[PDB]
Amino acid sequence: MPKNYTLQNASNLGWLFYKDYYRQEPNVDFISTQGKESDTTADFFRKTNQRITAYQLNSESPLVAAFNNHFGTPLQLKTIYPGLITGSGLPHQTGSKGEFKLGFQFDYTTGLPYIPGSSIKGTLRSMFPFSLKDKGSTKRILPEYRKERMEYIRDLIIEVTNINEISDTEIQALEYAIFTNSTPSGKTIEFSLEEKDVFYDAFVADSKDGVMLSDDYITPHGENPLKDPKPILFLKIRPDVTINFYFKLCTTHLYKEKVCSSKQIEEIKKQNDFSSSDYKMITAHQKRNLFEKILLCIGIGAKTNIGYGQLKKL
Amino acid sequence: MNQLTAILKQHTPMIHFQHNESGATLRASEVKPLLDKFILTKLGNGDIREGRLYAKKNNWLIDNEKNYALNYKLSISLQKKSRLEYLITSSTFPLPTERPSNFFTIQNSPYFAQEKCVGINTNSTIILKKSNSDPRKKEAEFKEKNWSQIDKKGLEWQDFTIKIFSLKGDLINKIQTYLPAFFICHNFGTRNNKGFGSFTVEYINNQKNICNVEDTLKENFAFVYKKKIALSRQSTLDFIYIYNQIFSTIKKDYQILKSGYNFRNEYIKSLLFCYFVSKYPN
Amino acid sequence: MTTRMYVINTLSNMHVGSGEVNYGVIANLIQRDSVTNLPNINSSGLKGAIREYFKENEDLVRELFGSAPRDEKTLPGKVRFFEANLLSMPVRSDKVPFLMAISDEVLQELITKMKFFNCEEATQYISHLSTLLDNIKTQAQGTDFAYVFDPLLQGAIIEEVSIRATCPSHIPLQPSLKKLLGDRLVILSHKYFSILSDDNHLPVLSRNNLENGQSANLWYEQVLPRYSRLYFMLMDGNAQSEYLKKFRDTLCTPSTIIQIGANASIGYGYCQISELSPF
Amino acid sequence: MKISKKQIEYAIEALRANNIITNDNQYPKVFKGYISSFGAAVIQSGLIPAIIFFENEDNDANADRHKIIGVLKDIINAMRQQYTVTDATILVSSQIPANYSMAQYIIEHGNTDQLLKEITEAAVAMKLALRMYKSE
Amino acid sequence: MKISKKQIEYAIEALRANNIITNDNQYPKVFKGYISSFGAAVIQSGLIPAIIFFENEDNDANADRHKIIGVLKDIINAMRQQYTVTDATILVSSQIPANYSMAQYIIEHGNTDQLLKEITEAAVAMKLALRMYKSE
RNA sequence: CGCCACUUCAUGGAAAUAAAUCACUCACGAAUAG
């Protein structure tokens, strides 16, 4: 019900978008071909879309406060205006006019728009060199891919932490420890429970003075420039919206070219043979800085090559 | 380098459908496909297919079999959020007296859509009204909500940023080479062919861009035709007046081309008509 | 001091994957109870997750959970972990974002389990839950029902246009029952709850695998919705009082979050465990 | 959920009847994606939206996309044909009229869970039966 | 389900026959998972869906997953041979034609109890016989 | 200068893929015989 999405007086956004969206009213038709194109159906879907994009989120919202309590301190970023699109491939269309033809990612329980942690993990890993599997259809792309990603991640690591030199093996071990929580060659490392990188679900945290959802058009003009283009309507997260990124990251210890846990690294330090030139460390703060720089560089969501889901610092 | 951070200048206002956001700027949904097409056309030395084979060999394509898309990330962001918002119509009407500073009127323009917002309708942005002293010389009034609910606004912003990201350095070098030509050749917006898309790039990677407009136009277009419009003094005042002259001249000339001009009292025949009735006079 | 009831409050989505090859839409389904077909956490998975949380305390894990798989000696586990049966499931509505959905048969199973296992604070809970059940049955008179206990939540659509809520102004919902079952509580007929909790209505999440920005795989995952409540029974064996007290204090603190199920690295299945509060 | 061999037989017969499997035991490649998309739409959006989307014949798609809805109706009719008198008192055993719109049939009969279960059964059967054939 | 040596020899011959074991006694590593997962698919999904899934040749599998269905058919056919033919015997000692796919045979011949037992035992023999070779 | 609109509203691709398929311990111990 109107603005200020709260746990007390508000309809579930996912329920409105997916379940209540295609509800049958006494005098609304979208089964026959005439009904889908009629202005009665357009008005029905316009009212539904207004209800969807008539909700605000306060900064001190109890939902976001609960998220902060559960998932630790958030990494807050802002939305540029292409908007932000997540879950675009979900099936949501009937062939009608004025309806949202693209899917959207809504949390089931809360209804707040969110980015699943899997999307964050994949986007962050995509700029790491070992995000591509050998397979055999990758063989040609694999050498160049790893090279450019190695250079990019090397400059990022030298930027964010006080390490003046890193190697390809060290980058491999760091990436595998961060994402797979293992070693590049299979076998695992005896990590502590705390020493584990978790990528929670990014959530909408603050729609300052406006709504959080907007409606946008992509109009693919066909390969025949003499035929009529297709207006496609979808739902986007509004620009200048605070998206909270929640992570559970640890400190990574790299001695020589291998990743070490804290228990192993204590004994390695206490050994009579040691080399500060071989012991590298990436603090959880520097890990968060690295992830923030990656997110600023590439962004999150769908249609990111078109620009959707790019961020600045808040 | 893996990033291209270009600063580009706005020459003519852009008609934007999503103007309700203060961050409204150039949409990369228009730039990226057109830029990909332009880049591949330049790669093949005028042929799109040869450029596609070129990008296929150098692994610059997202897909090597289906589409024309190149692998890079396009981002366009506003640096300063102040916008000069224009109303674009087809006829000339009396200007309002009460008027926000951001609001200017390009009345006689090729863009003839949304002509009804300067009517007597209650949904018109500028509601026309009879004058009391003279039962002519219509009066003008401004409705804030109607101007807020307009479908399309003509927007002009200050210098802003277009950011190009890719992990393929050679593609970035060729993008740096061809981006000024791309922006000098293409217009972006609604009715962009008539001039509501004009941009030029000033700084590419914090380096000034000495790109001759005439030479790039000569290269990428079959015919290029210059018209020196008499800039009656000014040139330091009333960019709104400059826009009015420019777009009134464009409407003049393009109405002359494919039609006549049965306006005031001077008649000049349609040159589109005169071409066909002369060549093989049937 | 022997048998205790713990409520699992899930802070995120939970996927306790069953070993199942579904050739329909959902590739990965969640575990369902062998009898009532409701979502549940197998006792083995719950024990493994809780043991993983306490792995640092070697003595506590050895005394309460048993010995490690790779050990010359094997030590029987002392504490007994029972499977976590579903108690409350959030359901999307129109008046409110989500209500806590329980069924009359779920309440009957809870009363039966409390009677059989003799939880610590079971007597008053059994009495009041029973009284609520007879009141609900007296009002329903056989027909399907959706009963809310706030007059503001009247006519609410419980995830389906067919299921509309009505407020019976004769059944009091005690504050402790509200704490146990959820804030915005709706009690449904078994037909309605089974419709809402079946494989066609549980929340599904879409995932794909990209190779250099191009999709290689695509599959759908079934998850138990966020803030869902599940109850499981803990039996103290002949365990030491000190280790048991440490285990209970760590388990029931507000700052303890336990990962149960799959997809730990992407945030699936982070839970808070709360002991049964006195009525 | 376990798909019966009888359901697969009905799916095979319906695929052959609504000219999807050719006389050479081959089918257009796009129908597998059609059926997968229908299943995803049914679980995500609902029965009414998915059936309305895939019942369309003015769709400019690469193939006759309404054929899967026809096959769905044929499978459901065959399923309802073998209903027992014990089932007929609880389930709607009536044969769905051939000319009748499937979405209209669902809407006029409410949104009962019976139709949803039948649709899901028939969709999975269509998926498996298509997997049984070759895709040229 | 005790180890049947004759079925193990049948599995060896069928694995060599359907081009799974190379001339050097090695096989693609993924086939181990195929054999292991076929039994679970049969038990918890049904025999027909599992056979259809593993018989498909339009799959995005790292190897030729359909070879295991051919090996299964060869083991079953070898078991149909050396069946004591008598009036009282339940077992049908009729060999599965090579032109028929395995999914069709169980569809057309609707006595699954024999086929289910034979397929389960043949899969166990498959898994036990695959261990004699190198897992490359 | 006066008047004024009609258009178009999803298609194509990916629909699961690999790893582990049980492991370790106990495989009889005493008593009755000699």
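Positions of Cβ are backbone-derived with ideal geometry, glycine not excepted, and every protein chain shown enters the neighbour counts. Every number in this text was worked out from the coordinates using simple rules, so none of it is lab data.
Assorted remarks:
- Sorting A:149, C:164 by the number of Cβ atoms found within 10 Å of their own Cβ, with the fewest placed first, yields C:164, A:149.
- Nearest-0.05 FRET efficiency for residue A:42 and residue B:212, computed from C-beta distance (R0 41 Å): 0.25
- Scanning chain B for trypsin sites (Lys or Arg not before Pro) that sit in a DSSP loop and have at most 10 other Cβ atoms within 10 Å, the longest stretch containing none of them is B:138-225.
- Inter-label distance, residue E:135 to residue D:117: 4.3 nm, where each label sits 7 Å from its Cα along the C-beta direction.
- For the range A:75-173, the normalised intensity computed at q = 0.10, 0.11 Å⁻¹ comes to -0.48, -0.57 (log10 of I(q)/I(0), Debye sum over alpha carbons, equal scatterers, no solvent).
- Rg/Rh for the range A:246-304 (Cα atoms only, Rh after Kirkwood) is 1.16.
- DSSP loop GluC sites (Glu not before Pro) with at most 15 other Cβ within 10 Å: longest gap in chain B: B:99-265
- Share of Cα-Cα pairs in the range C:1-78 lying beyond 16 Å, as whole percent: 66
- Helix-only [θ]222 nm of chain A, DSSP H runs n ≥ 4, -39500 (n - 2.57) each, per residue, nearest 500: -9500 deg cm²/dmol
- Ordered by the number of other Cβ atoms lying within 10 Å of each residue's own Cβ, fewest first, E:45, C:12, B:235 fall into the sequence B:235, E:45, C:12.
- Within the range A:142-271, the ratio Rg/Rh, alpha carbon atoms throughout and Rh by Kirkwood, equals 1.17.
- Among C:214, C:31, C:240, residue whose mean-square fluctuation peaks in a GNM of chain C (springs only between Cα atoms under 10 Å): C:214
- Computed about the Cα centre, the dipole magnitude for the range C:71-154 is approximately 100 debye when only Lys and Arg (+1) and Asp and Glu (-1) carry charge, each at its Cβ.
- From the largest down, the range B:111-207 spans 68, 23, 22 angstrom on the principal axes of its Cα atoms.
- Note on the range B:10-107: Cα-only Rg and Dmax are 19.8, 62 Å.
- Antiparallel DSSP beta bridges within the range C:61-210, as percent of all bridges there, nearest 5: 60
- Column: log10 I(q)/I(0), Debye, Cα scatterers of chain D, q = 0.18 Å⁻¹: -1.01
- Long-range Cα-Cα pairs in the range B:231-282 (distance over 19 Å), rounded percent: 47
- Among D:32, D:67, D:117, residue whose mean-square fluctuation peaks in a GNM of chain D (springs only between Cα atoms under 10 Å): D:117
- Radius of gyration, Dmax [the protein assembly as shown; alpha carbons; angstrom]: 34.1, 119
- Low-density loop cleavage sites - trypsin sites (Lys or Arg not before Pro) in the range A:186-222, where at most 10 other Cβ are within 10 Å (DSSP): A:187
- Averaging 1/r over each pair of different alpha-carbon atoms in the range D:16-58 and inverting the result gives 11.5 Å, the Kirkwood hydrodynamic radius.
- Both the radius of gyration and Dmax for the range B:189-282 are 17.9, 58 Å, in that order, over alpha-carbon atoms.
- Over chain C: helical MRE at 222 nm, DSSP H runs n ≥ 4 each giving -39500 (n - 2.57), nearest 500: -8000 deg cm²/dmol
- The coefficient of translational diffusion for chain C, derived via Stokes-Einstein from the alpha carbon Kirkwood radius under 37 °C and 0.692 mPa s, stands at 163 µm²/s.
- Pairs exceeding a 29 Å alpha-carbon distance, out of A:78/D:32; A:78/A:121; C:47/C:113; A:139/B:66; A:135/D:6: A:78/D:32; A:135/D:6.
- Where N is the number of residues in the range C:1-143, Cα Rg divided by 2.2 N^0.38 Å: 1.30
- Relative intensity, log₁₀ I(q)/I(0), of chain B from a Debye sum that treats every alpha carbon as a point, q = 0.07, 0.13 Å⁻¹: -0.34, -1.02
- In straight-distance terms, cross-link reach from residue A:280 covers every one of the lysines whose alpha-carbon lies under 21 Å from its own, apart from those fewer than eight places away in the same chain; here that gives A:196, A:248, A:256, A:258, A:263, A:269, A:270, A:293.
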